[PDB]
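Q: Next comes the structure file input19.cif, holding mmCIF, C-alpha atoms.
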```cif
data_final
loop_
_atom_site.group_PDB
_atom_site.id
_atom_site.type_symbol
_atom_site.label_atom_id
_atom_site.label_comp_id
_atom_site.auth_asym_id
_atom_site.auth_seq_id
_atom_site.Cartn_x
_atom_site.Cartn_y
_atom_site.Cartn_z
ATOM 1 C CA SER A 1 55.677 45.942 -19.910
ATOM 2 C CA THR A 2 54.019 42.532 -19.886
ATOM 3 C CA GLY A 3 53.303 39.719 -17.429
ATOM 4 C CA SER A 4 52.581 36.005 -17.857
ATOM 5 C CA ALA A 5 51.483 33.622 -15.061
ATOM 6 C CA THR A 6 50.293 30.018 -15.054
ATOM 7 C CA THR A 7 46.886 29.371 -13.526
ATOM 8 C CA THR A 8 46.172 25.915 -12.058
ATOM 9 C CA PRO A 9 42.907 24.105 -11.214
ATOM 10 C CA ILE A 10 42.458 23.744 -7.439
ATOM 11 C CA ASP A 11 41.010 20.241 -7.828
ATOM 12 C CA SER A 12 40.104 17.457 -10.265
ATOM 13 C CA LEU A 13 36.841 19.212 -11.264
ATOM 14 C CA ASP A 14 38.290 22.653 -12.149
ATOM 15 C CA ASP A 15 36.108 24.175 -9.422
ATOM 16 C CA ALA A 16 38.392 27.230 -9.534
ATOM 17 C CA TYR A 17 41.862 28.281 -10.663
ATOM 18 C CA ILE A 18 44.726 29.716 -8.598
ATOM 19 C CA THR A 19 47.537 31.930 -9.851
ATOM 20 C CA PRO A 20 50.659 32.783 -7.843
ATOM 21 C CA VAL A 21 50.989 36.468 -6.881
ATOM 22 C CA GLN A 22 53.987 38.175 -5.255
ATOM 23 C CA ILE A 23 53.032 40.699 -2.542
ATOM 24 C CA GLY A 24 55.429 42.841 -0.552
ATOM 25 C CA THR A 25 59.160 43.122 0.020
ATOM 26 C CA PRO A 26 60.619 40.568 0.350
ATOM 27 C CA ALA A 27 57.997 38.836 -1.774
ATOM 28 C CA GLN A 28 55.227 36.894 -0.095
ATOM 29 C CA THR A 29 53.707 34.543 -2.643
ATOM 30 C CA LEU A 30 49.985 33.829 -2.316
ATOM 31 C CA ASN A 31 47.818 31.777 -4.661
ATOM 32 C CA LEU A 32 44.899 33.953 -5.701
ATOM 33 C CA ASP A 33 41.648 33.365 -7.570
ATOM 34 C CA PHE A 34 41.696 35.725 -10.569
ATOM 35 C CA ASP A 35 38.112 36.929 -10.800
ATOM 36 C CA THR A 36 36.885 38.957 -13.795
ATOM 37 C CA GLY A 37 33.529 39.191 -11.976
ATOM 38 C CA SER A 38 34.759 41.334 -9.084
ATOM 39 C CA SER A 39 37.129 44.170 -8.464
ATOM 40 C CA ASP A 40 38.792 43.661 -5.025
ATOM 41 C CA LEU A 41 42.256 42.199 -4.427
ATOM 42 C CA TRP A 42 41.950 40.655 -0.976
ATOM 43 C CA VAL A 43 44.050 38.148 0.899
ATOM 44 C CA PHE A 44 44.117 35.948 3.951
ATOM 45 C CA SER A 45 46.435 37.732 6.362
ATOM 46 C CA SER A 46 48.001 37.950 9.781
ATOM 47 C CA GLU A 47 44.887 39.973 10.710
ATOM 48 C CA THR A 48 42.373 37.275 9.760
ATOM 49 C CA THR A 49 40.463 35.772 12.697
ATOM 50 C CA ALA A 50 42.588 32.763 13.631
ATOM 51 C CA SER A 51 39.657 30.323 13.763
ATOM 52 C CA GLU A 52 38.788 31.314 10.182
ATOM 53 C CA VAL A 53 42.199 30.359 8.763
ATOM 54 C CA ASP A 54 42.593 26.652 7.838
ATOM 55 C CA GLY A 55 45.648 25.948 5.708
ATOM 56 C CA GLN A 56 45.818 29.122 3.613
ATOM 57 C CA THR A 57 48.999 31.088 3.115
ATOM 58 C CA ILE A 58 48.747 34.484 4.772
ATOM 59 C CA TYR A 59 50.056 37.934 3.937
ATOM 60 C CA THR A 60 51.809 39.540 6.895
ATOM 61 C CA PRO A 61 52.100 43.256 6.137
ATOM 62 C CA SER A 62 54.389 43.917 9.128
ATOM 63 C CA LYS A 63 57.058 41.766 7.394
ATOM 64 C CA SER A 64 56.904 43.839 4.207
ATOM 65 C CA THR A 65 59.121 46.903 4.103
ATOM 66 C CA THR A 66 56.967 48.407 1.334
ATOM 67 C CA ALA A 67 53.583 47.902 3.044
ATOM 68 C CA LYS A 68 51.711 51.019 4.210
ATOM 69 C CA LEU A 69 48.406 51.067 6.072
ATOM 70 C CA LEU A 70 45.820 52.913 4.000
ATOM 71 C CA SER A 71 44.539 54.894 6.946
ATOM 72 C CA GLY A 72 40.809 54.718 7.549
ATOM 73 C CA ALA A 73 40.092 52.381 4.647
ATOM 74 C CA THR A 74 37.846 49.365 5.070
ATOM 75 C CA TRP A 75 36.268 46.893 2.676
ATOM 76 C CA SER A 76 33.451 44.380 2.676
ATOM 77 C CA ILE A 77 32.219 42.164 -0.114
ATOM 78 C CA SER A 78 29.514 39.574 -0.699
ATOM 79 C CA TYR A 79 29.686 37.252 -3.702
ATOM 80 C CA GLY A 80 26.983 35.678 -5.851
ATOM 81 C CA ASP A 81 27.315 32.325 -4.102
ATOM 82 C CA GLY A 82 26.672 33.934 -0.714
ATOM 83 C CA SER A 83 30.280 33.959 0.468
ATOM 84 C CA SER A 84 31.808 37.104 2.012
ATOM 85 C CA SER A 85 34.857 38.753 3.534
ATOM 86 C CA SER A 86 35.903 42.100 5.012
ATOM 87 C CA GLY A 87 38.796 43.928 6.629
ATOM 88 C CA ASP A 88 41.182 46.834 6.231
ATOM 89 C CA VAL A 89 43.621 47.935 3.541
ATOM 90 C CA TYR A 90 47.322 48.278 2.835
ATOM 91 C CA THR A 91 49.167 49.504 -0.207
ATOM 92 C CA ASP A 92 52.106 47.349 -1.290
ATOM 93 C CA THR A 93 54.045 46.113 -4.290
ATOM 94 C CA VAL A 94 52.217 43.401 -6.216
ATOM 95 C CA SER A 95 53.709 41.368 -9.061
ATOM 96 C CA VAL A 96 52.006 38.895 -11.399
ATOM 97 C CA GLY A 97 54.128 36.827 -13.750
ATOM 98 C CA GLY A 98 56.904 39.452 -13.931
ATOM 99 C CA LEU A 99 54.562 42.466 -14.121
ATOM 100 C CA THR A 100 54.906 44.812 -11.138
ATOM 101 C CA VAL A 101 52.502 47.398 -9.678
ATOM 102 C CA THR A 102 53.635 49.652 -6.844
ATOM 103 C CA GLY A 103 51.064 51.124 -4.462
ATOM 104 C CA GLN A 104 48.434 48.444 -5.180
ATOM 105 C CA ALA A 105 45.566 48.279 -2.690
ATOM 106 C CA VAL A 106 45.939 44.950 -0.896
ATOM 107 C CA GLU A 107 42.776 44.301 1.091
ATOM 108 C CA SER A 108 43.612 42.433 4.294
ATOM 109 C CA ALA A 109 40.877 40.110 5.570
ATOM 110 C CA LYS A 110 39.819 40.437 9.203
ATOM 111 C CA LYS A 111 36.840 38.141 8.574
ATOM 112 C CA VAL A 112 36.016 35.508 5.953
ATOM 113 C CA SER A 113 32.925 33.300 5.573
ATOM 114 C CA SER A 114 33.035 29.562 6.050
ATOM 115 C CA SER A 115 33.362 28.699 2.375
ATOM 116 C CA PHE A 116 36.673 30.573 2.196
ATOM 117 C CA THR A 117 37.996 28.995 5.391
ATOM 118 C CA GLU A 118 37.039 25.554 4.077
ATOM 119 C CA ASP A 119 39.000 26.036 0.874
ATOM 120 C CA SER A 120 42.644 25.696 1.903
ATOM 121 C CA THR A 121 43.901 26.161 -1.672
ATOM 122 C CA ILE A 122 42.713 29.757 -2.220
ATOM 123 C CA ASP A 123 44.642 32.484 -0.358
ATOM 124 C CA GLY A 124 42.485 35.330 -1.682
ATOM 125 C CA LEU A 125 40.972 36.914 -4.781
ATOM 126 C CA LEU A 126 42.417 39.242 -7.421
ATOM 127 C CA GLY A 127 39.564 41.140 -9.033
ATOM 128 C CA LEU A 128 39.682 41.972 -12.753
ATOM 129 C CA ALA A 129 36.244 43.535 -13.341
ATOM 130 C CA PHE A 130 35.947 47.290 -13.549
ATOM 131 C CA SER A 131 37.184 49.378 -10.632
ATOM 132 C CA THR A 132 33.755 50.951 -10.209
ATOM 133 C CA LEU A 133 32.792 47.759 -8.330
ATOM 134 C CA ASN A 134 35.672 48.010 -5.847
ATOM 135 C CA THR A 135 34.312 48.012 -2.271
ATOM 136 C CA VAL A 136 36.974 50.044 -0.443
ATOM 137 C CA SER A 137 35.514 52.922 1.566
ATOM 138 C CA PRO A 138 35.713 55.882 1.860
ATOM 139 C CA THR A 139 38.182 56.030 -1.043
ATOM 140 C CA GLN A 140 37.482 53.461 -3.778
ATOM 141 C CA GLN A 141 40.588 51.667 -5.085
ATOM 142 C CA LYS A 142 41.795 50.518 -8.522
ATOM 143 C CA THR A 143 42.249 46.922 -9.709
ATOM 144 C CA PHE A 144 45.666 45.499 -10.453
ATOM 145 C CA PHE A 145 44.844 45.688 -14.176
ATOM 146 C CA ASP A 146 43.640 49.266 -13.900
ATOM 147 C CA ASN A 147 46.890 50.220 -12.136
ATOM 148 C CA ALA A 148 49.099 48.376 -14.645
ATOM 149 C CA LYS A 149 47.209 49.531 -17.740
ATOM 150 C CA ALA A 150 49.211 52.568 -18.695
ATOM 151 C CA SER A 151 52.500 50.656 -18.452
ATOM 152 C CA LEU A 152 51.412 47.651 -20.510
ATOM 153 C CA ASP A 153 52.514 47.271 -24.122
ATOM 154 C CA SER A 154 48.815 46.929 -24.955
ATOM 155 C CA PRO A 155 45.961 47.622 -22.505
ATOM 156 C CA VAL A 156 44.724 44.037 -22.396
ATOM 157 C CA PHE A 157 44.831 40.829 -20.418
ATOM 158 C CA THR A 158 43.938 37.333 -21.647
ATOM 159 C CA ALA A 159 42.517 34.248 -19.964
ATOM 160 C CA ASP A 160 43.446 30.828 -21.326
ATOM 161 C CA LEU A 161 41.951 28.359 -18.838
ATOM 162 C CA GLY A 162 42.712 24.657 -19.143
ATOM 163 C CA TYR A 163 40.364 21.703 -18.988
ATOM 164 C CA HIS A 164 41.667 19.531 -16.166
ATOM 165 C CA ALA A 165 45.048 21.180 -16.753
ATOM 166 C CA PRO A 166 47.003 24.406 -16.157
ATOM 167 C CA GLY A 167 46.462 27.511 -18.270
ATOM 168 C CA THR A 168 47.702 31.055 -18.553
ATOM 169 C CA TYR A 169 46.857 34.647 -17.696
ATOM 170 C CA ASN A 170 48.776 37.156 -19.825
ATOM 171 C CA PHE A 171 48.963 40.912 -19.301
ATOM 172 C CA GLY A 172 49.824 43.427 -21.986
ATOM 173 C CA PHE A 173 50.063 41.156 -25.017
ATOM 174 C CA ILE A 174 48.178 38.616 -27.131
ATOM 175 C CA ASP A 175 49.983 35.288 -27.596
ATOM 176 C CA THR A 176 49.186 34.440 -31.211
ATOM 177 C CA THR A 177 50.416 30.843 -30.733
ATOM 178 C CA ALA A 178 47.789 30.218 -28.025
ATOM 179 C CA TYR A 179 44.704 29.946 -30.207
ATOM 180 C CA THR A 180 43.527 28.679 -33.568
ATOM 181 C CA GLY A 181 41.855 30.674 -36.317
ATOM 182 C CA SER A 182 41.017 34.315 -35.619
ATOM 183 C CA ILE A 183 39.855 36.232 -32.520
ATOM 184 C CA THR A 184 36.287 37.539 -32.815
ATOM 185 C CA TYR A 185 35.680 40.730 -30.886
ATOM 186 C CA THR A 186 32.332 41.765 -29.454
ATOM 187 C CA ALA A 187 30.988 44.824 -27.653
ATOM 188 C CA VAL A 188 31.084 45.280 -23.900
ATOM 189 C CA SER A 189 28.822 47.207 -21.583
ATOM 190 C CA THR A 190 30.536 48.456 -18.435
ATOM 191 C CA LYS A 191 27.302 49.853 -16.992
ATOM 192 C CA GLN A 192 27.070 47.151 -14.297
ATOM 193 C CA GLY A 193 30.841 47.108 -13.757
ATOM 194 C CA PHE A 194 31.249 43.729 -15.461
ATOM 195 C CA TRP A 195 32.707 42.416 -18.705
ATOM 196 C CA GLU A 196 29.136 42.235 -20.024
ATOM 197 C CA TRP A 197 28.459 41.204 -23.612
ATOM 198 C CA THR A 198 25.786 39.620 -25.797
ATOM 199 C CA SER A 199 26.126 36.131 -27.237
ATOM 200 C CA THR A 200 24.430 35.619 -30.628
ATOM 201 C CA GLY A 201 22.935 32.233 -29.729
ATOM 202 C CA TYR A 202 23.531 28.549 -29.087
ATOM 203 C CA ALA A 203 23.418 24.962 -30.246
ATOM 204 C CA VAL A 204 23.119 21.651 -28.407
ATOM 205 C CA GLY A 205 25.329 18.840 -29.679
ATOM 206 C CA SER A 206 25.038 18.497 -33.444
ATOM 207 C CA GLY A 207 21.759 20.446 -33.388
ATOM 208 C CA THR A 208 20.997 23.507 -35.473
ATOM 209 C CA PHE A 209 22.128 26.882 -34.165
ATOM 210 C CA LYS A 210 19.455 29.021 -32.527
ATOM 211 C CA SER A 211 19.993 32.733 -33.169
ATOM 212 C CA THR A 212 19.036 34.604 -30.042
ATOM 213 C CA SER A 213 20.637 37.377 -27.987
ATOM 214 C CA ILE A 214 21.956 36.278 -24.592
ATOM 215 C CA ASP A 215 23.275 39.086 -22.400
ATOM 216 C CA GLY A 216 25.815 37.876 -19.856
ATOM 217 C CA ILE A 217 29.160 38.380 -18.160
ATOM 218 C CA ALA A 218 32.569 36.857 -18.751
ATOM 219 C CA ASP A 219 33.418 35.715 -15.224
ATOM 220 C CA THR A 220 36.549 33.667 -14.505
ATOM 221 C CA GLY A 221 35.550 33.607 -10.804
ATOM 222 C CA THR A 222 32.419 31.556 -11.438
ATOM 223 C CA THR A 223 32.794 27.806 -12.030
ATOM 224 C CA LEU A 224 29.762 26.989 -14.167
ATOM 225 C CA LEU A 225 27.803 28.294 -17.152
ATOM 226 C CA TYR A 226 24.560 29.995 -16.082
ATOM 227 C CA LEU A 227 22.032 30.670 -18.828
ATOM 228 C CA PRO A 228 18.268 31.290 -19.250
ATOM 229 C CA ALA A 229 16.006 28.433 -18.177
ATOM 230 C CA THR A 230 14.783 27.873 -21.760
ATOM 231 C CA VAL A 231 18.332 27.305 -23.011
ATOM 232 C CA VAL A 232 19.314 25.094 -20.106
ATOM 233 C CA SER A 233 16.154 22.973 -20.455
ATOM 234 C CA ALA A 234 16.897 22.512 -24.172
ATOM 235 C CA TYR A 235 20.401 21.249 -23.299
ATOM 236 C CA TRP A 236 19.479 18.779 -20.548
ATOM 237 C CA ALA A 237 16.536 17.392 -22.582
ATOM 238 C CA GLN A 238 19.201 15.765 -24.786
ATOM 239 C CA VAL A 239 20.583 13.797 -21.791
ATOM 240 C CA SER A 240 18.528 10.734 -20.883
ATOM 241 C CA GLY A 241 17.594 10.821 -17.201
ATOM 242 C CA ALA A 242 18.670 14.413 -16.617
ATOM 243 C CA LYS A 243 16.456 16.394 -14.304
ATOM 244 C CA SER A 244 16.380 19.582 -12.282
ATOM 245 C CA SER A 245 16.640 18.746 -8.587
ATOM 246 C CA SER A 246 15.405 21.282 -6.051
ATOM 247 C CA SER A 247 17.114 19.282 -3.284
ATOM 248 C CA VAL A 248 20.507 19.221 -4.985
ATOM 249 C CA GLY A 249 20.090 22.767 -6.293
ATOM 250 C CA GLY A 250 20.273 22.321 -10.056
ATOM 251 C CA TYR A 251 20.334 19.916 -12.980
ATOM 252 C CA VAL A 252 21.779 16.486 -12.271
ATOM 253 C CA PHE A 253 22.303 13.637 -14.686
ATOM 254 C CA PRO A 254 23.191 9.925 -14.624
ATOM 255 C CA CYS A 255 26.931 9.608 -14.292
ATOM 256 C CA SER A 256 26.709 6.853 -16.989
ATOM 257 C CA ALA A 257 25.667 9.447 -19.594
ATOM 258 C CA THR A 258 27.683 10.781 -22.496
ATOM 259 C CA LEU A 259 27.085 14.536 -22.494
ATOM 260 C CA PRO A 260 26.523 16.450 -25.754
ATOM 261 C CA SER A 261 28.580 19.538 -26.556
ATOM 262 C CA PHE A 262 27.256 23.085 -26.167
ATOM 263 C CA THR A 263 28.008 25.829 -28.659
ATOM 264 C CA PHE A 264 27.672 29.555 -27.980
ATOM 265 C CA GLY A 265 27.833 32.375 -30.495
ATOM 266 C CA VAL A 266 30.276 35.252 -30.550
ATOM 267 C CA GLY A 267 29.077 37.404 -33.417
ATOM 268 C CA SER A 268 29.295 35.157 -36.469
ATOM 269 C CA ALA A 269 31.802 32.875 -34.727
ATOM 270 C CA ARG A 270 31.141 29.791 -32.601
ATOM 271 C CA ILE A 271 32.795 28.417 -29.470
ATOM 272 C CA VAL A 272 32.226 24.702 -28.812
ATOM 273 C CA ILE A 273 32.210 23.457 -25.186
ATOM 274 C CA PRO A 274 32.892 19.697 -25.312
ATOM 275 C CA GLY A 275 30.465 17.509 -23.391
ATOM 276 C CA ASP A 276 33.130 16.369 -20.893
ATOM 277 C CA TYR A 277 33.554 20.034 -19.767
ATOM 278 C CA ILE A 278 29.957 19.972 -18.514
ATOM 279 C CA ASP A 279 30.529 17.011 -16.109
ATOM 280 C CA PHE A 280 31.145 18.046 -12.489
ATOM 281 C CA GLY A 281 30.987 14.564 -11.104
ATOM 282 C CA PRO A 282 29.043 12.788 -8.392
ATOM 283 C CA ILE A 283 26.812 15.036 -6.270
ATOM 284 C CA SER A 284 28.235 13.262 -3.217
ATOM 285 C CA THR A 285 31.030 10.735 -2.908
ATOM 286 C CA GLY A 286 29.990 7.430 -4.435
ATOM 287 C CA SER A 287 26.735 8.739 -5.943
ATOM 288 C CA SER A 288 25.751 7.777 -9.489
ATOM 289 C CA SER A 289 24.015 11.160 -9.859
ATOM 290 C CA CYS A 290 26.333 13.786 -11.365
ATOM 291 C CA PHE A 291 26.154 17.556 -11.187
ATOM 292 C CA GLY A 292 25.725 19.480 -14.416
ATOM 293 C CA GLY A 293 28.015 22.258 -15.601
ATOM 294 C CA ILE A 294 25.217 24.177 -17.309
ATOM 295 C CA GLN A 295 22.647 25.605 -14.908
ATOM 296 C CA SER A 296 19.771 28.070 -14.927
ATOM 297 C CA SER A 297 20.423 31.749 -14.273
ATOM 298 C CA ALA A 298 16.806 32.278 -13.200
ATOM 299 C CA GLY A 299 16.939 33.994 -9.829
ATOM 300 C CA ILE A 300 20.577 35.091 -10.280
ATOM 301 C CA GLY A 301 19.432 38.097 -12.262
ATOM 302 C CA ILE A 302 22.221 37.794 -14.824
ATOM 303 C CA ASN A 303 23.620 35.210 -17.201
ATOM 304 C CA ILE A 304 27.185 34.123 -16.393
ATOM 305 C CA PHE A 305 29.738 32.802 -18.810
ATOM 306 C CA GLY A 306 31.859 31.167 -16.140
ATOM 307 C CA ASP A 307 34.811 28.785 -16.392
ATOM 308 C CA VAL A 308 32.857 26.020 -18.174
ATOM 309 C CA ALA A 309 32.423 28.399 -21.115
ATOM 310 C CA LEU A 310 35.610 30.412 -20.862
ATOM 311 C CA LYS A 311 37.953 27.363 -20.697
ATOM 312 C CA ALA A 312 36.721 26.368 -24.200
ATOM 313 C CA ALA A 313 38.235 29.583 -25.603
ATOM 314 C CA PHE A 314 41.138 31.961 -25.647
ATOM 315 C CA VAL A 315 39.589 35.128 -24.195
ATOM 316 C CA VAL A 316 40.826 38.688 -24.613
ATOM 317 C CA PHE A 317 39.840 41.301 -22.071
ATOM 318 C CA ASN A 318 40.471 44.494 -23.985
ATOM 319 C CA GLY A 319 40.743 47.494 -21.687
ATOM 320 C CA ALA A 320 41.050 50.128 -24.392
ATOM 321 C CA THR A 321 39.107 53.376 -23.896
ATOM 322 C CA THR A 322 36.098 51.511 -25.286
ATOM 323 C CA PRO A 323 36.462 48.046 -23.786
ATOM 324 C CA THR A 324 35.702 44.914 -25.828
ATOM 325 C CA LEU A 325 35.894 41.126 -25.464
ATOM 326 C CA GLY A 326 37.550 38.748 -27.903
ATOM 327 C CA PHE A 327 37.021 35.002 -28.208
ATOM 328 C CA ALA A 328 38.988 32.447 -30.196
ATOM 329 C CA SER A 329 38.882 28.671 -30.379
ATOM 330 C CA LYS A 330 42.040 26.858 -29.267
#
```
Take the structure in the file and write it out as structure tokens.
A:
Amino acid sequence: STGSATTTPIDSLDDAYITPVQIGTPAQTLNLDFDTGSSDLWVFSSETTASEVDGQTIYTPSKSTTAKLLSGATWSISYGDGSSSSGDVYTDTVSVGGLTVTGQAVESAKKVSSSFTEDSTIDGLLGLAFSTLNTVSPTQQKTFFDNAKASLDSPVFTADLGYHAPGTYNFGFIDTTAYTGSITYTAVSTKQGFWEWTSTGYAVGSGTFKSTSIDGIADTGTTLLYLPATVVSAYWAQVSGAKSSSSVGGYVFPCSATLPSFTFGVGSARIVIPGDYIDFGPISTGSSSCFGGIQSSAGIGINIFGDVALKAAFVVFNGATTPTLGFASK
């Protein structure tokens, strides 16, 4: 089997991407944030504290003839940005872009933190990291990908995120019309539960490539590109007026600037992030100070190849017995 679903930016800045997901019988369609940095499929629901729901579409398990309470199961998750959610668990039928999993753990939110409430466009998350990170207790649950794996034509999914435009998540096949040149594959460590790999280095604009190992994760659920402070300083030094602002919480730059590109290495290959991808607009409405799309990972404890990086490539998440990552230009 295969599946193919369009993923759409939630706003003009590509702050995140939502993908429609069918849950239950008859189908209830919710727009979920596909997150290769976590491993829980959770949704706003009829159980979510009413004051914490503000415009989201909810899953109502009592209206699904295929929903079953997973007795005794609870979940609770905290994300890198400090957001969180928790609740109980159902199993139900879940379909993505024509690909159907029966008995998928659907984690029903009883509580969500303010950042989730305040984002009316995201109805929940669909985790695509390794199932070892799944938070369901006392019986850990499998991701949608993990559950679908055996049935897929090939045990892979691909992320093709757009810049200021829709893109595609495919399951079970590689669309050879979706990228240019060849796909370069690189090793993955699953030891932290992430799609963790090592970039071979970087360049700033038309500058010479610096060969240096950068360990990090491929994370579709993170907006920006988070890299070591040395690398990030080297980038923003090429932007007149750019500075790191403690008060804003990162590098800012004059909105009148033309940003240079940023290249990262995948083995011997090179992915080029155009300068415009690194512009996340005024820090506050009407400001002439703009927020940068490349930020320091210092104090995160890991480097994160988030959407800013991933949207510059066609990315293969290879879930073979030894997982790997593939990157192509597009």
Q: CA of residue 24 in chain A and CA of residue 39 in chain A are how many Å apart?
A: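 Atom-to-atom, CA of residue 24 in chain A and CA of residue 39 in chain A are spaced 20.0 Å apart.
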Q: Need to verify the contact set: residue 120 in chain A, 7 Å, only C-alpha atoms, exclusion of same-chain residues closer than 3 positions in sequence. Can you return it as JSON, numbers by chain?
A: {"A": [54, 55, 56, 117]}
Q: Please report the interatomic distance between CA of residue 93 in chain A and CA of residue 35 in chain A in Å with one decimal.
A: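 Distance reported for this atom pair: 19.5 Å.
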Q: Excluding residue 178 in chain A and its own-chain neighbours fewer than 3 positions away, which residues fall within 10 Å of it when counting only C-alpha atoms? Please give them as a ChimeraX atom specification.
A: /A:160,168,174-175,313-314,328-330
Q: Between CA of residue 2 in chain A and CA of residue 97 in chain A, what is the spacing in Å?
A: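 Interatomic distance here is 8.4 Å.
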Q: Measuring between all atoms listed in the file, which one of A:17, A:185, A:291, A:90 shows the shortest distance to residue 45 in chain A?
A: A:90
Q: Please identify all polymer residues within 12 Å of residue 219 in chain A, counting all atoms listed in the file, omitting same-chain residues fewer than 4 positions from it, and present them as an MDAnalysis selection string.
A: chainID A and resid 16 33:39 80 127:130 159 161 193:197 223:226 302:311 315 317 325
